[PDB]
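Trainee: upload02.pdb (PDB, C-alpha atoms) pasted underneath:
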ATOM      1  CA  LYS Z   1     -78.904  -7.657  -6.831  1.00  0.00           C
ATOM      2  CA  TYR Z   2     -79.664 -10.151  -9.665  1.00  0.00           C
ATOM      3  CA  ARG Z   3     -83.128 -11.558 -10.053  1.00  0.00           C
ATOM      4  CA  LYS Z   4     -83.506 -15.164  -8.931  1.00  0.00           C
ATOM      5  CA  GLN Z   5     -84.548 -16.036 -12.490  1.00  0.00           C
ATOM      6  CA  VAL Z   6     -81.050 -14.970 -13.685  1.00  0.00           C
ATOM      7  CA  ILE Z   7     -79.335 -17.154 -11.134  1.00  0.00           C
ATOM      8  CA  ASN Z   8     -81.644 -20.052 -11.943  1.00  0.00           C
ATOM      9  CA  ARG Z   9     -81.122 -19.761 -15.715  1.00  0.00           C
ATOM     10  CA  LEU Z  10     -77.395 -19.870 -15.078  1.00  0.00           C
ATOM     11  CA  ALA Z  11     -77.964 -23.002 -12.944  1.00  0.00           C
ATOM     12  CA  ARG Z  12     -79.951 -24.623 -15.769  1.00  0.00           C
ATOM     13  CA  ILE Z  13     -77.316 -23.767 -18.360  1.00  0.00           C
ATOM     14  CA  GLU Z  14     -74.831 -25.358 -15.966  1.00  0.00           C
ATOM     15  CA  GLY Z  15     -76.777 -28.703 -15.858  1.00  0.00           C
ATOM     16  CA  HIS Z  16     -77.206 -28.485 -19.623  1.00  0.00           C
ATOM     17  CA  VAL Z  17     -73.439 -28.268 -20.256  1.00  0.00           C
ATOM     18  CA  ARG Z  18     -72.987 -31.131 -17.780  1.00  0.00           C
ATOM     19  CA  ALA Z  19     -75.335 -33.179 -19.936  1.00  0.00           C
ATOM     20  CA  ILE Z  20     -73.554 -32.243 -23.113  1.00  0.00           C
ATOM     21  CA  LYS Z  21     -70.316 -33.326 -21.462  1.00  0.00           C
ATOM     22  CA  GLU Z  22     -71.995 -36.654 -20.678  1.00  0.00           C
ATOM     23  CA  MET Z  23     -73.297 -36.954 -24.195  1.00  0.00           C
ATOM     24  CA  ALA Z  24     -69.745 -36.635 -25.466  1.00  0.00           C
ATOM     25  CA  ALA Z  25     -68.441 -39.068 -22.869  1.00  0.00           C
ATOM     26  CA  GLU Z  26     -71.117 -41.624 -23.989  1.00  0.00           C
ATOM     27  CA  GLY Z  27     -70.341 -41.247 -27.714  1.00  0.00           C
ATOM     28  CA  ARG Z  28     -73.599 -39.682 -28.749  1.00  0.00           C
ATOM     29  CA  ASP Z  29     -74.076 -38.685 -32.394  1.00  0.00           C
ATOM     30  CA  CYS Z  30     -72.358 -35.497 -33.300  1.00  0.00           C
ATOM     31  CA  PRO Z  31     -75.412 -33.614 -34.596  1.00  0.00           C
ATOM     32  CA  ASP Z  32     -77.173 -34.227 -31.259  1.00  0.00           C
ATOM     33  CA  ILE Z  33     -74.176 -32.764 -29.488  1.00  0.00           C
ATOM     34  CA  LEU Z  34     -73.814 -29.783 -31.777  1.00  0.00           C
ATOM     35  CA  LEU Z  35     -77.521 -29.080 -31.509  1.00  0.00           C
ATOM     36  CA  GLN Z  36     -77.197 -28.810 -27.748  1.00  0.00           C
ATOM     37  CA  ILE Z  37     -74.126 -26.652 -27.926  1.00  0.00           C
ATOM     38  CA  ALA Z  38     -75.974 -24.222 -30.106  1.00  0.00           C
ATOM     39  CA  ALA Z  39     -78.919 -24.265 -27.697  1.00  0.00           C
ATOM     40  CA  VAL Z  40     -76.592 -23.407 -24.807  1.00  0.00           C
ATOM     41  CA  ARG Z  41     -74.997 -20.497 -26.799  1.00  0.00           C
ATOM     42  CA  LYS Z  42     -78.494 -19.159 -27.379  1.00  0.00           C
ATOM     43  CA  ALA Z  43     -79.511 -19.524 -23.693  1.00  0.00           C
ATOM     44  CA  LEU Z  44     -76.346 -17.718 -22.661  1.00  0.00           C
ATOM     45  CA  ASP Z  45     -77.018 -14.940 -25.169  1.00  0.00           C
ATOM     46  CA  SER Z  46     -80.546 -14.500 -23.745  1.00  0.00           C
ATOM     47  CA  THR Z  47     -79.342 -14.485 -20.240  1.00  0.00           C
ATOM     48  CA  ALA Z  48     -76.765 -11.737 -21.028  1.00  0.00           C
ATOM     49  CA  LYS Z  49     -79.575  -9.679 -22.643  1.00  0.00           C
ATOM     50  CA  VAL Z  50     -81.753 -10.077 -19.544  1.00  0.00           C
ATOM     51  CA  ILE Z  51     -78.917  -9.007 -17.272  1.00  0.00           C
ATOM     52  CA  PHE Z  52     -78.038  -6.105 -19.523  1.00  0.00           C
ATOM     53  CA  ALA Z  53     -81.712  -4.965 -19.446  1.00  0.00           C
ATOM     54  CA  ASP Z  54     -81.986  -5.252 -15.671  1.00  0.00           C
ATOM     55  CA  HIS Z  55     -78.651  -3.538 -14.897  1.00  0.00           C
ATOM     56  CA  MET Z  56     -78.070  -1.364 -17.963  1.00  0.00           C
ATOM     57  CA  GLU Z  57     -76.699   1.564 -16.014  1.00  0.00           C
ATOM     58  CA  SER Z  58     -73.897  -0.541 -14.452  1.00  0.00           C
ATOM     59  CA  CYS Z  59     -73.423  -2.821 -17.472  1.00  0.00           C
ATOM     60  CA  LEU Z  60     -72.606   0.111 -19.814  1.00  0.00           C
TER      61      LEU Z  60
ATOM     62  CA  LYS Y   1     -65.343 -41.760 -30.031  1.00  0.00           C
ATOM     63  CA  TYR Y   2     -64.664 -38.145 -28.894  1.00  0.00           C
ATOM     64  CA  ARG Y   3     -61.176 -37.084 -27.981  1.00  0.00           C
ATOM     65  CA  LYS Y   4     -60.567 -36.683 -24.256  1.00  0.00           C
ATOM     66  CA  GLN Y   5     -59.725 -33.026 -24.910  1.00  0.00           C
ATOM     67  CA  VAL Y   6     -63.338 -32.500 -26.122  1.00  0.00           C
ATOM     68  CA  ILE Y   7     -64.783 -34.061 -23.010  1.00  0.00           C
ATOM     69  CA  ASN Y   8     -62.408 -32.080 -20.815  1.00  0.00           C
ATOM     70  CA  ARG Y   9     -63.190 -28.751 -22.516  1.00  0.00           C
ATOM     71  CA  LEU Y  10     -66.859 -29.457 -21.921  1.00  0.00           C
ATOM     72  CA  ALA Y  11     -66.013 -30.164 -18.251  1.00  0.00           C
ATOM     73  CA  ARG Y  12     -64.149 -26.845 -17.992  1.00  0.00           C
ATOM     74  CA  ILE Y  13     -66.984 -24.916 -19.613  1.00  0.00           C
ATOM     75  CA  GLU Y  14     -69.233 -26.600 -17.054  1.00  0.00           C
ATOM     76  CA  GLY Y  15     -67.139 -25.301 -14.069  1.00  0.00           C
ATOM     77  CA  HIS Y  16     -66.971 -21.909 -15.762  1.00  0.00           C
ATOM     78  CA  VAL Y  17     -70.777 -21.578 -15.959  1.00  0.00           C
ATOM     79  CA  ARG Y  18     -70.939 -22.748 -12.335  1.00  0.00           C
ATOM     80  CA  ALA Y  19     -68.650 -19.861 -11.448  1.00  0.00           C
ATOM     81  CA  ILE Y  20     -70.677 -17.387 -13.427  1.00  0.00           C
ATOM     82  CA  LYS Y  21     -73.749 -18.622 -11.574  1.00  0.00           C
ATOM     83  CA  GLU Y  22     -71.878 -17.962  -8.323  1.00  0.00           C
ATOM     84  CA  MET Y  23     -70.799 -14.556  -9.503  1.00  0.00           C
ATOM     85  CA  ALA Y  24     -74.438 -13.669 -10.055  1.00  0.00           C
ATOM     86  CA  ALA Y  25     -75.459 -15.157  -6.723  1.00  0.00           C
ATOM     87  CA  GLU Y  26     -72.754 -13.009  -4.988  1.00  0.00           C
ATOM     88  CA  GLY Y  27     -73.791  -9.767  -6.733  1.00  0.00           C
ATOM     89  CA  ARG Y  28     -70.680  -9.288  -8.790  1.00  0.00           C
ATOM     90  CA  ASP Y  29     -70.490  -6.310 -11.156  1.00  0.00           C
ATOM     91  CA  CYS Y  30     -72.402  -6.804 -14.323  1.00  0.00           C
ATOM     92  CA  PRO Y  31     -69.526  -6.219 -16.760  1.00  0.00           C
ATOM     93  CA  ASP Y  32     -67.523  -8.967 -15.015  1.00  0.00           C
ATOM     94  CA  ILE Y  33     -70.457 -11.299 -15.471  1.00  0.00           C
ATOM     95  CA  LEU Y  34     -71.100 -10.382 -19.076  1.00  0.00           C
ATOM     96  CA  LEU Y  35     -67.418 -10.742 -19.863  1.00  0.00           C
ATOM     97  CA  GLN Y  36     -67.504 -14.317 -18.626  1.00  0.00           C
ATOM     98  CA  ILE Y  37     -70.671 -15.135 -20.475  1.00  0.00           C
ATOM     99  CA  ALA Y  38     -69.080 -14.004 -23.679  1.00  0.00           C
ATOM    100  CA  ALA Y  39     -65.983 -16.072 -22.896  1.00  0.00           C
ATOM    101  CA  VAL Y  40     -68.149 -19.166 -22.406  1.00  0.00           C
ATOM    102  CA  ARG Y  41     -69.998 -18.548 -25.749  1.00  0.00           C
ATOM    103  CA  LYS Y  42     -66.609 -18.386 -27.436  1.00  0.00           C
ATOM    104  CA  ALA Y  43     -65.335 -21.586 -25.732  1.00  0.00           C
ATOM    105  CA  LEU Y  44     -68.501 -23.381 -26.781  1.00  0.00           C
ATOM    106  CA  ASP Y  45     -68.119 -22.137 -30.353  1.00  0.00           C
ATOM    107  CA  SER Y  46     -64.527 -23.464 -30.437  1.00  0.00           C
ATOM    108  CA  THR Y  47     -65.496 -26.742 -29.006  1.00  0.00           C
ATOM    109  CA  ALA Y  48     -68.237 -27.210 -31.667  1.00  0.00           C
ATOM    110  CA  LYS Y  49     -65.633 -26.411 -34.373  1.00  0.00           C
ATOM    111  CA  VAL Y  50     -63.239 -29.006 -32.945  1.00  0.00           C
ATOM    112  CA  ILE Y  51     -65.963 -31.638 -32.856  1.00  0.00           C
ATOM    113  CA  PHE Y  52     -67.115 -30.747 -36.340  1.00  0.00           C
ATOM    114  CA  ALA Y  53     -63.497 -31.104 -37.601  1.00  0.00           C
ATOM    115  CA  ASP Y  54     -62.962 -34.448 -35.886  1.00  0.00           C
ATOM    116  CA  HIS Y  55     -66.310 -35.977 -36.938  1.00  0.00           C
ATOM    117  CA  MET Y  56     -67.188 -34.039 -40.090  1.00  0.00           C
ATOM    118  CA  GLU Y  57     -68.554 -37.039 -41.931  1.00  0.00           C
ATOM    119  CA  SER Y  58     -71.150 -37.770 -39.204  1.00  0.00           C
ATOM    120  CA  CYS Y  59     -71.723 -34.123 -38.253  1.00  0.00           C
ATOM    121  CA  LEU Y  60     -72.821 -33.157 -41.805  1.00  0.00           C
TER     122      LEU Y  60
END
Show this structure as structure tokens.
Mentor:
Amino acid sequence: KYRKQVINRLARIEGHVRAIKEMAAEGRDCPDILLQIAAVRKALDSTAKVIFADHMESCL
Amino acid sequence: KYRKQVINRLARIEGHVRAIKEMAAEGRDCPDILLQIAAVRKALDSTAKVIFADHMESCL
């Protein structure tokens, strides 16, 4: 049903949030952290667009 | 350095993306999936705001 690339992107975004969590836990500098949050929001936005394109009929 | 609540939110958002990944892998309906993506984007946005408030001096 969903292309493997969709599932994989979601898996990557998962590891990315995990890392951001670990950045916070290690006391990394805030701008580093907020940079990565914004990158994840963008990746999620692209992923939703891809899914919407692939499954438009059922997404509407 | 970061409040435990920040770290924990990031941990929750992590499990949430994991679930979304599993929704995709199981062929869940697209609107369900896109609903959860949007919820994660919002959680991430709130988390960045919290961090920015707590560490404004070093985030600027």
Trainee: Could you do a least-squares fit of chain Z on chain Y over every C-alpha atom, in sequence order, and give the output as a short mmCIF file (atom, residue, chain, number, x, y, z; two decimals) with C-alpha atoms, keeping the file's coordinate frame?
Mentor:
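What landed in out_25.cif:
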data_model
loop_
_atom_site.label_atom_id
_atom_site.label_comp_id
_atom_site.auth_asym_id
_atom_site.auth_seq_id
_atom_site.Cartn_x
_atom_site.Cartn_y
_atom_site.Cartn_z
CA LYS Z 1 -65.34 -41.76 -30.03
CA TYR Z 2 -64.66 -38.14 -28.89
CA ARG Z 3 -61.18 -37.08 -27.98
CA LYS Z 4 -60.57 -36.68 -24.26
CA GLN Z 5 -59.72 -33.03 -24.91
CA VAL Z 6 -63.34 -32.50 -26.12
CA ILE Z 7 -64.78 -34.06 -23.01
CA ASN Z 8 -62.41 -32.08 -20.81
CA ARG Z 9 -63.19 -28.75 -22.52
CA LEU Z 10 -66.86 -29.46 -21.92
CA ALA Z 11 -66.01 -30.16 -18.25
CA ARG Z 12 -64.15 -26.85 -17.99
CA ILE Z 13 -66.98 -24.92 -19.61
CA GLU Z 14 -69.23 -26.60 -17.05
CA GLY Z 15 -67.14 -25.30 -14.07
CA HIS Z 16 -66.97 -21.91 -15.76
CA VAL Z 17 -70.78 -21.58 -15.96
CA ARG Z 18 -70.94 -22.75 -12.33
CA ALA Z 19 -68.65 -19.86 -11.45
CA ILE Z 20 -70.68 -17.39 -13.43
CA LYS Z 21 -73.75 -18.62 -11.57
CA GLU Z 22 -71.88 -17.96 -8.32
CA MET Z 23 -70.80 -14.56 -9.50
CA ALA Z 24 -74.44 -13.67 -10.06
CA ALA Z 25 -75.46 -15.16 -6.72
CA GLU Z 26 -72.75 -13.01 -4.99
CA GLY Z 27 -73.79 -9.77 -6.73
CA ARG Z 28 -70.68 -9.29 -8.79
CA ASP Z 29 -70.49 -6.31 -11.16
CA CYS Z 30 -72.40 -6.80 -14.32
CA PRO Z 31 -69.53 -6.22 -16.76
CA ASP Z 32 -67.52 -8.97 -15.01
CA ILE Z 33 -70.46 -11.30 -15.47
CA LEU Z 34 -71.10 -10.38 -19.08
CA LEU Z 35 -67.42 -10.74 -19.86
CA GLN Z 36 -67.50 -14.32 -18.63
CA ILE Z 37 -70.67 -15.13 -20.47
CA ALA Z 38 -69.08 -14.00 -23.68
CA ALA Z 39 -65.98 -16.07 -22.90
CA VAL Z 40 -68.15 -19.17 -22.41
CA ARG Z 41 -70.00 -18.55 -25.75
CA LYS Z 42 -66.61 -18.39 -27.44
CA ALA Z 43 -65.34 -21.59 -25.73
CA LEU Z 44 -68.50 -23.38 -26.78
CA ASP Z 45 -68.12 -22.14 -30.35
CA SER Z 46 -64.53 -23.46 -30.44
CA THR Z 47 -65.50 -26.74 -29.01
CA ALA Z 48 -68.24 -27.21 -31.67
CA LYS Z 49 -65.63 -26.41 -34.37
CA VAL Z 50 -63.24 -29.01 -32.95
CA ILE Z 51 -65.96 -31.64 -32.86
CA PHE Z 52 -67.12 -30.75 -36.34
CA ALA Z 53 -63.50 -31.10 -37.60
CA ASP Z 54 -62.96 -34.45 -35.89
CA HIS Z 55 -66.31 -35.98 -36.94
CA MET Z 56 -67.19 -34.04 -40.09
CA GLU Z 57 -68.55 -37.04 -41.93
CA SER Z 58 -71.15 -37.77 -39.20
CA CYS Z 59 -71.72 -34.12 -38.25
CA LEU Z 60 -72.82 -33.16 -41.80
#
Trainee: Which residue, Y:2, Y:59, Y:40, Y:31, has the smallest gap to residue 14 of chain Z when you use all atoms listed in the file?
Mentor: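 Of the candidates, the smallest distance to residue 14 of chain Z is held by Y:40.
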Trainee: Can you pull out every residue within 12 Å of residue 39 of chain Y, counting all atoms listed in the file, but drop anything in the same chain fewer than 5 positions away, and send it as a ChimeraX atom specification?
Mentor: /Z:41,44-45,48 /Y:12-13,16-17,20,32-34,44-46
Trainee: Take the selection from the previous step and output its residues with C-alpha atoms, as a short mmCIF file (atom, residue, chain, number, x, y, z; two decimals), in the coordinates of the input.
Mentor:
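So the final result, stored in selection_38.cif, reads:
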data_model
loop_
_atom_site.label_atom_id
_atom_site.label_comp_id
_atom_site.auth_asym_id
_atom_site.auth_seq_id
_atom_site.Cartn_x
_atom_site.Cartn_y
_atom_site.Cartn_z
CA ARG Z 41 -75.00 -20.50 -26.80
CA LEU Z 44 -76.35 -17.72 -22.66
CA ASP Z 45 -77.02 -14.94 -25.17
CA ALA Z 48 -76.76 -11.74 -21.03
CA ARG Y 12 -64.15 -26.84 -17.99
CA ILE Y 13 -66.98 -24.92 -19.61
CA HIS Y 16 -66.97 -21.91 -15.76
CA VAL Y 17 -70.78 -21.58 -15.96
CA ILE Y 20 -70.68 -17.39 -13.43
CA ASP Y 32 -67.52 -8.97 -15.02
CA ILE Y 33 -70.46 -11.30 -15.47
CA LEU Y 34 -71.10 -10.38 -19.08
CA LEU Y 44 -68.50 -23.38 -26.78
CA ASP Y 45 -68.12 -22.14 -30.35
CA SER Y 46 -64.53 -23.46 -30.44
#
Trainee: Atom CA of residue 36 of chain Z and atom CA of residue 5 of chain Y, how far apart in Å?
Mentor: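 Distance between the two atoms: 18.2 Å.
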Trainee: I'd like the neighbourhood of residue 60 of chain Y as a PyMOL selection string, where a residue qualifies if any of its atoms comes within 10 Å (using all atoms listed in the file), though same-chain residues fewer than 4 positions away should be ignored.
Mentor: (chain Z and resi 30-31) or (chain Y and resi 52+55-56)
Trainee: Distance atom CA of residue 11 of chain Y-atom CA of residue 21 of chain Z, one decimal place?
Mentor: 6.2 Å
Trainee: Compare Y:1, Y:37, Y:51, Y:57 by their minimum atom-to-atom distance to residue 19 of chain Y, counting all atoms listed in the file, and give me the closest one.
Mentor: Y:37
Trainee: Figure out the distance between atom CA of residue 25 of chain Z and atom CA of residue 8 of chain Y, please, to one decimal in Å.
Mentor: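 A separation of 9.5 Å between them.
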Trainee: Using all atoms listed in the file for the distances, tell me which of Z:50, Z:3, Z:10, Z:43 is nearest to residue 27 of chain Y.
Mentor: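 Checking each candidate against residue 27 of chain Y, we get Z:3 as the closest.
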Trainee: Taking all atoms listed in the file into account, which of Y:28, Y:4, Y:22, Y:42 comes nearest residue 58 of chain Z?
Mentor: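 Closest to residue 58 of chain Z, using all atoms listed in the file: Y:28.
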Trainee: Draw an axis-aligned box tight on the listed atoms of segment 41-47 of chain Z, then pad every side by 4 Å and write out centre and edge lengths in Å to one decimal as lines of an AutoDock Vina configuration file.
Mentor:
center_x = -77.8
center_y = -17.5
center_z = -23.8
size_x = 13.5
size_y = 14.0
size_z = 15.1
Trainee: Would you please work out which residue, of Z:23, Z:7, Z:35, Z:53, is nearest to chain Y when using only C-alpha atoms?
Mentor: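 Smallest separation from chain Y among the options: Z:7.
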Trainee: Supply segment 15-40 of chain Z as a PDB file, in the frame of the given file, with N, CA, C and O atoms built in where the input has gaps.
Mentor:
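Once written, out34.pdb looks like this:
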ATOM      1  N   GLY Z  15     -76.346 -27.299 -15.727  1.00  0.00           N
ATOM      2  CA  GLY Z  15     -76.777 -28.703 -15.858  1.00  0.00           C
ATOM      3  C   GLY Z  15     -76.812 -29.157 -17.316  1.00  0.00           C
ATOM      4  O   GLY Z  15     -76.596 -30.311 -17.670  1.00  0.00           O
ATOM      5  N   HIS Z  16     -77.082 -28.218 -18.186  1.00  0.00           N
ATOM      6  CA  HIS Z  16     -77.206 -28.485 -19.623  1.00  0.00           C
ATOM      7  C   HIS Z  16     -75.809 -28.796 -20.166  1.00  0.00           C
ATOM      8  O   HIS Z  16     -75.603 -29.805 -20.831  1.00  0.00           O
ATOM      9  N   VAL Z  17     -74.839 -27.988 -19.834  1.00  0.00           N
ATOM     10  CA  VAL Z  17     -73.439 -28.268 -20.256  1.00  0.00           C
ATOM     11  C   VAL Z  17     -72.923 -29.595 -19.685  1.00  0.00           C
ATOM     12  O   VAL Z  17     -72.256 -30.386 -20.430  1.00  0.00           O
ATOM     13  N   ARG Z  18     -73.286 -29.860 -18.408  1.00  0.00           N
ATOM     14  CA  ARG Z  18     -72.987 -31.131 -17.780  1.00  0.00           C
ATOM     15  C   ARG Z  18     -73.513 -32.284 -18.597  1.00  0.00           C
ATOM     16  O   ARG Z  18     -72.848 -33.315 -18.738  1.00  0.00           O
ATOM     17  N   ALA Z  19     -74.709 -32.113 -19.157  1.00  0.00           N
ATOM     18  CA  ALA Z  19     -75.335 -33.179 -19.936  1.00  0.00           C
ATOM     19  C   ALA Z  19     -74.662 -33.377 -21.239  1.00  0.00           C
ATOM     20  O   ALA Z  19     -74.443 -34.521 -21.659  1.00  0.00           O
ATOM     21  N   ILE Z  20     -74.288 -32.254 -21.850  1.00  0.00           N
ATOM     22  CA  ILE Z  20     -73.554 -32.243 -23.113  1.00  0.00           C
ATOM     23  C   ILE Z  20     -72.209 -32.920 -22.959  1.00  0.00           C
ATOM     24  O   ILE Z  20     -71.805 -33.713 -23.805  1.00  0.00           O
ATOM     25  N   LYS Z  21     -71.537 -32.599 -21.866  1.00  0.00           N
ATOM     26  CA  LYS Z  21     -70.316 -33.326 -21.462  1.00  0.00           C
ATOM     27  C   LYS Z  21     -70.541 -34.881 -21.387  1.00  0.00           C
ATOM     28  O   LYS Z  21     -69.708 -35.678 -21.864  1.00  0.00           O
ATOM     29  N   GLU Z  22     -71.684 -35.275 -20.827  1.00  0.00           N
ATOM     30  CA  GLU Z  22     -71.995 -36.654 -20.678  1.00  0.00           C
ATOM     31  C   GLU Z  22     -72.394 -37.224 -21.997  1.00  0.00           C
ATOM     32  O   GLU Z  22     -72.082 -38.351 -22.251  1.00  0.00           O
ATOM     33  N   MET Z  23     -73.047 -36.472 -22.854  1.00  0.00           N
ATOM     34  CA  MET Z  23     -73.297 -36.954 -24.195  1.00  0.00           C
ATOM     35  C   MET Z  23     -72.025 -37.297 -24.930  1.00  0.00           C
ATOM     36  O   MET Z  23     -71.942 -38.305 -25.605  1.00  0.00           O
ATOM     37  N   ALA Z  24     -71.047 -36.410 -24.861  1.00  0.00           N
ATOM     38  CA  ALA Z  24     -69.745 -36.635 -25.466  1.00  0.00           C
ATOM     39  C   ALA Z  24     -69.073 -37.851 -24.860  1.00  0.00           C
ATOM     40  O   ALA Z  24     -68.624 -38.735 -25.556  1.00  0.00           O
ATOM     41  N   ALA Z  25     -69.040 -37.920 -23.552  1.00  0.00           N
ATOM     42  CA  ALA Z  25     -68.441 -39.068 -22.869  1.00  0.00           C
ATOM     43  C   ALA Z  25     -69.070 -40.406 -23.241  1.00  0.00           C
ATOM     44  O   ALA Z  25     -68.361 -41.360 -23.304  1.00  0.00           O
ATOM     45  N   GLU Z  26     -70.376 -40.442 -23.503  1.00  0.00           N
ATOM     46  CA  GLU Z  26     -71.117 -41.624 -23.989  1.00  0.00           C
ATOM     47  C   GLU Z  26     -71.103 -41.855 -25.502  1.00  0.00           C
ATOM     48  O   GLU Z  26     -71.691 -42.833 -25.974  1.00  0.00           O
ATOM     49  N   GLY Z  27     -70.454 -40.995 -26.290  1.00  0.00           N
ATOM     50  CA  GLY Z  27     -70.341 -41.247 -27.714  1.00  0.00           C
ATOM     51  C   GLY Z  27     -71.632 -41.042 -28.473  1.00  0.00           C
ATOM     52  O   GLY Z  27     -71.862 -41.625 -29.514  1.00  0.00           O
ATOM     53  N   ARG Z  28     -72.423 -40.090 -28.014  1.00  0.00           N
ATOM     54  CA  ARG Z  28     -73.599 -39.682 -28.749  1.00  0.00           C
ATOM     55  C   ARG Z  28     -73.270 -39.139 -30.158  1.00  0.00           C
ATOM     56  O   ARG Z  28     -72.146 -38.711 -30.454  1.00  0.00           O
ATOM     57  N   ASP Z  29     -74.263 -39.142 -31.023  1.00  0.00           N
ATOM     58  CA  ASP Z  29     -74.076 -38.685 -32.394  1.00  0.00           C
ATOM     59  C   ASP Z  29     -73.788 -37.219 -32.387  1.00  0.00           C
ATOM     60  O   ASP Z  29     -74.385 -36.470 -31.632  1.00  0.00           O
ATOM     61  N   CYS Z  30     -72.849 -36.836 -33.245  1.00  0.00           N
ATOM     62  CA  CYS Z  30     -72.358 -35.497 -33.300  1.00  0.00           C
ATOM     63  C   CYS Z  30     -73.452 -34.449 -33.506  1.00  0.00           C
ATOM     64  O   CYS Z  30     -73.447 -33.443 -32.842  1.00  0.00           O
ATOM     65  N   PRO Z  31     -74.382 -34.678 -34.421  1.00  0.00           N
ATOM     66  CA  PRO Z  31     -75.412 -33.614 -34.596  1.00  0.00           C
ATOM     67  C   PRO Z  31     -76.267 -33.335 -33.338  1.00  0.00           C
ATOM     68  O   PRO Z  31     -76.643 -32.184 -33.095  1.00  0.00           O
ATOM     69  N   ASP Z  32     -76.491 -34.364 -32.541  1.00  0.00           N
ATOM     70  CA  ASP Z  32     -77.173 -34.227 -31.259  1.00  0.00           C
ATOM     71  C   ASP Z  32     -76.386 -33.283 -30.360  1.00  0.00           C
ATOM     72  O   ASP Z  32     -76.935 -32.400 -29.686  1.00  0.00           O
ATOM     73  N   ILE Z  33     -75.084 -33.531 -30.312  1.00  0.00           N
ATOM     74  CA  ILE Z  33     -74.176 -32.764 -29.488  1.00  0.00           C
ATOM     75  C   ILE Z  33     -74.121 -31.321 -29.951  1.00  0.00           C
ATOM     76  O   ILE Z  33     -74.282 -30.397 -29.127  1.00  0.00           O
ATOM     77  N   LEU Z  34     -73.993 -31.121 -31.257  1.00  0.00           N
ATOM     78  CA  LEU Z  34     -73.814 -29.783 -31.777  1.00  0.00           C
ATOM     79  C   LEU Z  34     -75.108 -29.004 -31.697  1.00  0.00           C
ATOM     80  O   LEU Z  34     -75.076 -27.815 -31.508  1.00  0.00           O
ATOM     81  N   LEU Z  35     -76.234 -29.690 -31.810  1.00  0.00           N
ATOM     82  CA  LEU Z  35     -77.521 -29.080 -31.509  1.00  0.00           C
ATOM     83  C   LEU Z  35     -77.615 -28.493 -30.121  1.00  0.00           C
ATOM     84  O   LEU Z  35     -78.109 -27.401 -29.945  1.00  0.00           O
ATOM     85  N   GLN Z  36     -77.103 -29.228 -29.141  1.00  0.00           N
ATOM     86  CA  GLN Z  36     -77.197 -28.810 -27.748  1.00  0.00           C
ATOM     87  C   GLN Z  36     -76.206 -27.728 -27.458  1.00  0.00           C
ATOM     88  O   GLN Z  36     -76.566 -26.789 -26.745  1.00  0.00           O
ATOM     89  N   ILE Z  37     -75.041 -27.750 -28.111  1.00  0.00           N
ATOM     90  CA  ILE Z  37     -74.126 -26.652 -27.926  1.00  0.00           C
ATOM     91  C   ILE Z  37     -74.735 -25.344 -28.405  1.00  0.00           C
ATOM     92  O   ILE Z  37     -74.557 -24.268 -27.793  1.00  0.00           O
ATOM     93  N   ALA Z  38     -75.352 -25.404 -29.569  1.00  0.00           N
ATOM     94  CA  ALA Z  38     -75.974 -24.222 -30.106  1.00  0.00           C
ATOM     95  C   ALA Z  38     -77.098 -23.743 -29.193  1.00  0.00           C
ATOM     96  O   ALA Z  38     -77.253 -22.543 -28.982  1.00  0.00           O
ATOM     97  N   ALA Z  39     -77.891 -24.652 -28.669  1.00  0.00           N
ATOM     98  CA  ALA Z  39     -78.919 -24.265 -27.697  1.00  0.00           C
ATOM     99  C   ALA Z  39     -78.342 -23.564 -26.455  1.00  0.00           C
ATOM    100  O   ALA Z  39     -78.831 -22.547 -26.043  1.00  0.00           O
ATOM    101  N   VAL Z  40     -77.246 -24.065 -25.914  1.00  0.00           N
ATOM    102  CA  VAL Z  40     -76.592 -23.407 -24.807  1.00  0.00           C
ATOM    103  C   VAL Z  40     -76.064 -22.005 -25.157  1.00  0.00           C
ATOM    104  O   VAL Z  40     -76.201 -21.081 -24.364  1.00  0.00           O
TER     105      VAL Z  40
END
